[PDB]
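Engineer:
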Amino acid sequence: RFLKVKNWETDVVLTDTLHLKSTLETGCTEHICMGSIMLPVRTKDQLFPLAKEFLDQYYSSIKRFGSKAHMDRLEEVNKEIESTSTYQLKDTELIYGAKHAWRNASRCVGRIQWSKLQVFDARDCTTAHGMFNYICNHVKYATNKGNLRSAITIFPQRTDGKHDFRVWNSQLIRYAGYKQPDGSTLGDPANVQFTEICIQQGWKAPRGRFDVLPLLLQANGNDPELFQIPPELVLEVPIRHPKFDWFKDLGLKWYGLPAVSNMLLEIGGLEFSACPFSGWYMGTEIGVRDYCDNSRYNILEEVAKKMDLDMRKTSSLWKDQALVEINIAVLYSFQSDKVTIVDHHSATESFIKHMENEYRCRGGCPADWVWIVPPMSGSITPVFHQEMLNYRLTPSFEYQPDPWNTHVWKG
Amino acid sequence: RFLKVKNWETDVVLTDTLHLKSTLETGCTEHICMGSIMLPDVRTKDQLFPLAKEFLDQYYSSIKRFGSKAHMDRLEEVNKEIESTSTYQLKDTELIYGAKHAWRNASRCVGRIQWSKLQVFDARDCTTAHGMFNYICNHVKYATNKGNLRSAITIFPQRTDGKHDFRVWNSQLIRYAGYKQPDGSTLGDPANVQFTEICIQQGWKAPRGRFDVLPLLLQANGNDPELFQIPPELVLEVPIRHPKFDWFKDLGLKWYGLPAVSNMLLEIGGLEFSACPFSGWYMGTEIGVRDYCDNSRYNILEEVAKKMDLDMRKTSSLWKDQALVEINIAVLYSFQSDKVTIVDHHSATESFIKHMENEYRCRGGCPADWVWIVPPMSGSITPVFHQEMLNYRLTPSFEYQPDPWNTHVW
Ligand code: HEM
Ligand code: HEM
Ligand SMILES: N#Cc1ccc(CCNCc2ccc3ccc(N)nc3c2)cc1Cl
Ligand SMILES: N#Cc1ccc(CCNCc2ccc3ccc(N)nc3c2)cc1Cl
Ligand SMILES: C[C@H](O)[C@H](O)[C@H]1CNc2nc(N)[nH]c(=O)c2N1
Ligand SMILES: C[C@H](O)[C@H](O)[C@H]1CNc2nc(N)[nH]c(=O)c2N1
Ligand SMILES: [Zn+2]
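Protein sequence lines correspond, in order, to chains A and U. The first sequence lines up with residues 299 to 338, 348 to 718 when you count with UniProt numbering. The second sequence lines up with residues 299 to 338, 347 to 716 when you count with UniProt numbering.
#1: Is A/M570 a contact residue of ligand 1, with contact defined as CB to any heavy atom under 7 Å?
#2: How about U/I480 and U/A405: are their beta carbons less than 8 Å apart?
#3: How should U/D597 be labelled, buried or exposed, when 16 other C-beta atoms within 10 angstroms of its C-beta is the threshold for buried?
#4: Closest to A/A429 by C-alpha separation, out of A/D398, A/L455 and A/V416, would be which residue?
#5: A/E694 versus chain U: which residues are under 7 Å apart at the beta carbon?
#6: Please identify the residue among A/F534, A/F551, A/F472 and A/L540 whose C-alpha is closest to the C-alpha of A/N527.
#7: Can you give me the Cβ contacts of A/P531 inside the same chain, cut-off strictly under 6 Å, excluding the 5 residues immediately before and after it?
#8: With DSSP as the reference, identify every bridge partner of U/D489, one or two as the case may be.
#9: Quick check: the region 400-415 of chain U against the region 687-704 of chain U, are there 3 or more CB pairs under 8 Å?
#10: Would you be able to state if there are at least three C-beta pairs under 8 Å between the region 575-594 of chain A and the region 608-619 of chain A?
#11: At what residues does the alpha helix (DSSP H) containing U/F658 begin and finish?
#12: Applying a beta-carbon distance threshold of less than 9 Å, which residues of chain A neighbour U/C599?
#13: Whose Cβ in chain C lies nearer than 8 Å to the Cβ of A/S320?
#14: What I want to know is whether the C-beta of U/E592 ends up closer than 7 Å to one or more non-hydrogen atoms of ligand 4.
#15: Going along chain A in order, which residues have a C-beta closer than 9 Å to the C-beta of U/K626?
#16: Looking at residue 344 of chain U and ligand 4, is the gap between the Cβ and the nearest heavy atom below 7 Å?
#17: Could you tell me which of A/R456, A/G333, A/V446 and A/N529 sits nearest to A/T434, measuring between CA atoms?
#18: How is the beta strand (DSSP E) around U/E705 delimited, first residue to last?
#19: Can you give the beta carbon distance from A/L540 to A/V680, rounded, assuming they're within the 8 Å contact cut?
#20: Can you pull the chain U residues whose beta carbon is under 7 Å from the beta carbon of A/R596, in chain order?
#21: List the residues of chain A whose Cβ lies closer than 8 Å to the Cβ of U/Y562, in chain order.
#22: Taking the DSSP output, what are the residues bridged to U/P545?
#23: Contact check, U/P682 vs A/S686 under 8 Å by CB: the rounded distance?
#24: Considering only residues of the region 451-530 of chain U, which uninterrupted beta strand (DSSP E) runs meet the minimum length of 3 residues and lie entirely inside it, listed in chain order?
#25: Are three or more beta carbon pairs between the region 324-332 of chain A and the region 367-383 of chain U nearer than 8 Å?
#26: Residues near ligand 7, CB to any non-hydrogen atom under 5 Å, in chain order?
#27: What in chain U is Cβ-close to A/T324, meaning under 8 Å?
#28: Starting from U/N634, find everything on chain A with Cβ-Cβ shorter than 8 Å and list it in chain order.
#29: CA-CA distance, U/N601 and A/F691?
#30: A/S602 CB to nearest chain U CB: under 8 Å?
#31: List the endpoints of the continuous beta strand (DSSP E) containing A/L577.
#32: Of all the CB atoms in chain U, is at least one closer than 8 Å to the CB of A/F551?
#33: Mark U/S568 as exposed unless 16 or more other C-beta atoms lie within 10 angstroms of its C-beta, in which case mark it buried.
#34: Taking a cut of 9 Å between CB atoms, which residues from the region 348-362 of chain U lie near chain A?
#35: Going by the C-beta, is U/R410 closer than 7 Å to any heavy atom of ligand 2?
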């Protein structure tokens, strides 16, 4: 079965045959589209087909499909499965898997870079302290004094689901959030709950507007532990505006390294519940969402106030005007400090080229339009006008529940 | 099977039961979501009666008369008419219910909070293109209302056997002409280029400017379509000025007041109305963002940027974005200053969230296409961006249909 997608600004048509290799489910049916819904142990019965599928894909890529080396590997794996009810990935396989999970991530506009990923094997790690050390090295490596490098650190896979490795932080670096007695929030409202956990776990909170949270790390299913990331490792950028001198006096800054740590990496049926990964920012993540979401730092009013905009009638588009200035400032700041960042015009543009390339050499590129189109200036980016097919491939990054909701506490 | 949608900016959760009564497909499956796809002959008589019955059942339910013998009476009456004439005719009341509910069910429409206040013009007695022109002039005049716009729809005779099709060949009653001129550049609207010269190809004489209102091309009873010019005094246009920059007038931009879509097909109880132009009023971004700034359209960003003397170095200065905002500020300013109806995208999305809360509470749900409801600029600072929505097809409905010229037997 063939499937065609059209770009309505260019009239470019592509043909998708990759969706035919789609395993997982979308959530959609013939009678309902769930395209804007935010959210989508294991036995031997189901494990070896998943393993075989992965190994078929792997040996295809390395042009050795049907080789003796391919057959032995399959033989090696199901025997290890029958014997031990799981199996171990070779280094080359783990690297292939991590890269393709990224490549398969339909919601990620940054996928043009998927082949260049630094994979850190942390499967030999046994304690929270060992986790902290690995994560420190990830951060230093990825940050690279502002010249950011994509990386992922992979901790041991789930076994019986009772000994999971987890990073309890949603991101390796993120600011604390403190609900005040009067209802107001100091810092990042997105992190109020997690902040409170840290505090209960023993974290002495500085209680400022931009406090970098401590790492909260769980190894082998034990209770998690607190660690402060060495400050000399946390790169930050003070936010200024190229023309607006008062903007610096807003007291804003952000950290340079986006490093997502709460997702689950699935490769050939194995589940890696701790797999922090990092790239670099698209400007709008900070300038639009982190700074201007009502449920976040929410600075539109204050910024628009000091711009002296007509703020009483929303038809003045004072919100829209302030939003552009803030995103200009975020970009200006990262560039002036020689910290890697990409504007949403450049990013969406490169993604169109990537997606085109992927249809040609791979037969498709799964893509979630709802997530790929930038949160401002949508129709003046080329992805807005691009039809996309959304489907799920493995290897993949999955969501998982928050560890505090599922953890059995030891004491 | 009893689904929940969450607003992530407010934590409000609505439970959807209405989706259960959906019948038509989405294009999606368990394996593939086609949510971002733009576009995913007459019916037999045993195809038609279940369609009739479903419609009649909900009509009589709506008027608190479900299971009444008056309900039963109408059912048998229609069944006999179908059995006999292989079709049937809508009562005036049913026709009005059908139209309002086709709008209520348009999951891509952000302005649906107004769905019940729709003026329905029954044009089912029309027999000629000249008659169509007349009905359409009255529609336009009524809808425009000297700037104080009023929602309206005009319904021409239903399809019969596909030979008697009434169609309006225009996509909107009012649109600007577009010509391919010698430089290889485009004067006027590039989106209408093909239509703009099917017009002269049948007799039009173009004033070859950049904002020439197109002639109506009307097709009655399957006959060859005919050209009629809308009386200029019926076409309300707004000169585009900016409230702070007054080099802006020199751009010489204008647009029309009345968005009136004329190429869709209205389905009611199995019956197909192939000519059913309807109109409401503009959301600001349709003009400022799409009509003016699309690369496939008037594409005026660079020009505007230049006059703002912005850093057009590379993309990172966000000059496109800065200009986009000013352009949309001017559209809203112009329309408002002429007291011509227009809604900004903040106001209209907030209206729609409230409409959702009304529809979930009184109807059990509200079908909604997130990809279309989110405005084409400033997406995440509108409430709808953070609103989960379920998309499904309810009938009565507005559907798409082939462009007439690709079908019409000459
Ligand atoms: C290198 C530069 C990169 C850029 C500019 C980029 C850009 C983005 C953006 C803007 C999002 C949407 C996030 C949001 O709105 O919250 C996203 C999502 C995502 N990205 Fe990338 N990304 C990059 C690298 C990576 C890497 C290295 C990985 C994994 C190894 C990755 C995997 C993902 C995944 C799995 C999502 C889905 C997020 C979710 O579902 O919550 N990306 N990306
Ligand atoms: C009165 C104020 C109204 C507003 C502010 C409004 C707003 C909108 C907007 C912004 C769109 C997106 C279309 C696009 O971007 O091309 C849309 C689509 C649509 N509207 Fe509404 N509308 C209004 C009235 C109406 C009326 C009166 C009807 C029918 C009687 C209607 C039926 C539809 C339908 C069927 C679509 C889908 C368009 C398509 O599928 O191509 N609207 N509306
Ligand atoms: N509430 C909430 C909530 C908030 C956000 C999300 C998705 C967040 N995705 C963040 C993300 C993931 C990967 C990235 C990769 C690179 C990059 N620059 N940013 C990313 C950002 C999901 C939920 Cl349920
Ligand atoms: N090509 C193409 C193409 C381009 C645009 C569209 C959408 C056209 N419908 C626009 C529309 C429909 C109804 C409206 C009602 C009110 C309003 N203010 N705007 C509308 C705008 C559809 C297609 Cl197939
Ligand atoms: C309800 C809706 O799915 C949700 O708000 C989505 C919309 N699209 C998004 N797109 C990106 N990149 N990031 C997001 O958090 C969201 N949020
Ligand atoms: C391919 C994609 O579906 C296309 O660009 C859509 C996106 N969303 C839209 N939303 C609205 N309101 N109007 C449109 O024309 C479109 N076009
Ligand atoms: Zn879908």
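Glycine included, every Cβ here is placed at the ideal spot set by N, Cα and C.
Structural biologist: A quick look at the data gives this:
#1: Residue numbering aside, residue 570 of chain A sits at position 263 when the first sequence is read from its first letter. At least one heavy atom of ligand 1 is nearer than 7 Å to the Cβ of A/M570, so yes.
#2: For this step, residue 480 of chain U is matched to residue 174 along the second sequence. For this step, residue 405 of chain U is matched to residue 99 along the second sequence. In terms of Cβ geometry, U/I480 and U/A405 do not form a close pair [threshold 8 Å].
#3: Indexing the second sequence from 1 puts residue 597 of chain U at position 291. So U/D597 counts as buried.
#4: Residue numbering aside, residue 429 of chain A sits at position 122 when the first sequence is read from its first letter. Out of A/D398, A/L455 and A/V416, A/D398 has the C-alpha closest to the C-alpha of A/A429.
#5: Position 387 of the first sequence, counted from the first residue, corresponds to residue 694 of chain A. Residues of chain U passing the Cβ test: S334, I335 and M336.
#6: Residue mapping note: residue 527 of chain A aligns to position 220 of the first sequence, counting from 1. Here the closest residue by C-alpha is A/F472.
#7: Here residue 531 of chain A refers to the residue found at position 224 of the first sequence. Closer than 6 Å at Cβ, skipping near neighbours: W475, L523, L524 and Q525.
#8: Here the question's residue 489 of chain U lines up with position 183 in the second sequence. U/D489 is not bridged to any residue.
#9: The way I'd put it, the region 400-415 of chain U does touch the region 687-704 of chain U; three or more beta-carbon pairs between them come closer than 8 Å.
#10: At 8 Å Cβ cutoff, the stretches do not touch.
#11: For the purposes of this step, residue 658 of chain U is taken as the residue at position 352 of the second sequence. Per DSSP, U/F658 belongs to the alpha helix (DSSP H) from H651 to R669.
#12: Mapped onto the second sequence, residue 599 of chain U falls at position 293. Listed along the chain, the chain A residues whose CB falls inside 9 Å of the CB of U/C599 are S686 and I687.
#13: In the structure shown, chain C does not exist; the protein chains are A and U.
#14: Here the question's residue 592 of chain U lines up with position 286 in the second sequence. At least one heavy atom of ligand 4 lies less than 7 Å from the C-beta of U/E592.
#15: Within the second sequence, numbered from 1, the residue matching residue 626 of chain U stands at position 320. Within chain A, the residues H652, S684 and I687 have their CB atoms less than 9 Å from the CB of U/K626, given in chain order.
#16: Within chain U, the sequence of modelled residues goes 338 then 347, so residue 344 of chain U has no position in this structure.
#17: For the purposes of this step, residue 434 of chain A is taken as the residue at position 127 of the first sequence. In terms of CA proximity to A/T434, A/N529 leads the group A/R456, A/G333, A/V446 and A/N529.
#18: Taking the first residue of the second sequence as position 1, residue 705 of chain U is located at position 399. Segment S703 to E705, the beta strand (DSSP E) holding U/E705.
#19: As a working mapping, residue 540 of chain A is identified with position 233 in the first sequence. As a working mapping, residue 680 of chain A is identified with position 373 in the first sequence. Not a contact, Cβ separation roughly 34 Å.
#20: Along the first sequence, read from residue 1 onward, the residue named residue 596 of chain A stands at position 289. Taking a Cβ-Cβ cut-off of 7 Å, the neighbours of A/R596 in chain U comprise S686, given in sequence order.
#21: As a working mapping, residue 562 of chain U is identified with position 256 in the second sequence. Within 8 Å Cβ-Cβ: nothing; U/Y562 doesn't reach chain A, min ~19 Å.
#22: As a working note, residue 545 of chain U is residue 239 in the second sequence. Per DSSP, U/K560.
#23: Along the second sequence, read from residue 1 onward, the residue named residue 682 of chain U stands at position 376. Along the first sequence, read from residue 1 onward, the residue named residue 686 of chain A stands at position 379. That pair is a contact at about 3 Å.
#24: The qualifying runs are 458-461, 484-486, 492-494 and 522-525.
#25: Cβ pair count under 8 Å is below three, so no.
#26: Ordered along the chain, the selected set is A/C326, A/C331, A/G333, U/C326, U/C331 and U/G333.
#27: As a first step, residue 324 of chain A is located in the first sequence; it is residue number 26 there, counting from the start. Per Cβ cutoff of 8 Å: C326, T327, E328, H329, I330 and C331.
#28: Position 328 of the second sequence, counting from 1, holds the residue named residue 634 of chain U. Going along chain A in sequence order, the residues near U/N634 (Cβ under 8 Å) are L624 and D627.
#29: Counting from 1 along the second sequence, the entry for residue 601 of chain U is found at position 295. Counting from 1 along the first sequence, the entry for residue 691 of chain A is found at position 384. Cα to Cα, the separation comes out at about 12 Å.
#30: Here the question's residue 602 of chain A lines up with position 295 in the first sequence. Cβ-Cβ to chain U under 8 Å: yes for A/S602.
#31: Stepping through the first sequence from its first residue, residue 577 of chain A is reached at position 270. For A/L577, the enclosing beta strand (DSSP E) has its first and last residue at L577 to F579.
#32: Counting from 1 along the first sequence, the entry for residue 551 of chain A is found at position 244. Chain U, which has no Cβ nearer than 8 Å to the Cβ of A/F551, makes this no.
#33: Along the second sequence, one-based indexing puts residue 568 of chain U at 262. That one is buried.
#34: Per Cβ criterion, the list is empty.
#35: Here residue 410 of chain U is taken as the residue at index 104 of the second sequence, counted from 1. False, no ligand heavy atom lies under 7 Å from that Cβ.
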